[PDB]
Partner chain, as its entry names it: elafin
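In the block that follows, a single chain appears as structure tokens, in the form deposited without its partner chain.
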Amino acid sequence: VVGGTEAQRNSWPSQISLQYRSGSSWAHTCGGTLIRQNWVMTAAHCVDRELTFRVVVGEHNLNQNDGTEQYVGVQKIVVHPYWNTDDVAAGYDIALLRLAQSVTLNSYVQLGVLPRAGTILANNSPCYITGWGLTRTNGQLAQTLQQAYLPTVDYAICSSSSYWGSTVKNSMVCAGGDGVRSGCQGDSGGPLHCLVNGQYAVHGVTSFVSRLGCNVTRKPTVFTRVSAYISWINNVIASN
């Protein structure tokens, strides 16, 4: 997250760190949202690699002992069947991870609330992106969980020529684009929390940013629209 601030450690309890085994240790690679005690929602591209992934809930500082972490392996990965790694612009950048065990819920570990199917936010709706992604384009991952205020940019505006053009689909949510704040590498798969009717809900799964940079003006961060996959999510969880 570029232009973010450090999140309080109990503000976004559904946020998780998706990590892969890199030798005698683990490296953070993407974010995710805990949606069931044993299911995590993330981006399909985060798991394109044939790596050994694990999920950390109750995580706040990737480099220090927060004393609230729970480490659990990924037992099964279910990527959306229409996902195509060489075509992120087509959408379908979402996947569900079944954890090897159910995590214990507390003030640092809670299920993320998803929006009602079909919900579309009005332009400029209040949201916060969270994650440990790069704090600057071509920078380094954050140590502490970061959050940045990224208001939505509706489809009509986001798909206009000065923005993303036809790259963005109605199955996506765009947020930010002020050239100062944005998601960045390492934030993918994480949540886009939007305040609706007094409650925050995870409306997006971080998918991509411009190839020219993270915080590029008129190139808002793009997320997979969660409300367009409610049935898919339910069907997968009901199956596995």
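Numbering follows the first chain given and starts at 1.
Quick note: we don't show the form solved in complex with its partner chain, though the next part is all about it.
- Here is the short version: of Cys194, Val57, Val40, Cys46, the single residue with a heavy atom within 4.5 Å of its partner chain in the bound PDB entry is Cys46.
- Only one of 32-40, 173-181, 47-55, 194-202 lies within 4.5 Å of its partner chain in the bound PDB entry by heavy atoms, and it is 47-55.
- No residue in the set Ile120, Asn124 and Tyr155 has a non-hydrogen atom no more than 4.5 Å from its partner chain in the bound PDB entry.
- Interface membership of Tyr128, defined by any non-hydrogen atom within 4.5 Å of its partner chain in the bound PDB entry, is ruled out.
- Not displayed here, its partner chain is kept clear of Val109 by more than 4.5 Å at the level of heavy atoms in the bound PDB entry.
- Using a 4.5 Å cutoff between non-hydrogen atoms, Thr104 does not count as a contact of its partner chain in the bound PDB entry.
- Remark: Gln143 does not count among the residues lining its partner chain in the bound PDB entry, judged by a heavy atom distance of 4.5 Å or less.
- Applying a 4.5 Å heavy atom cutoff to its partner chain in the bound PDB entry picks out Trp164, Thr167, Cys184, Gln185, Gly186, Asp187, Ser188 from 161-196, in order along the sequence.
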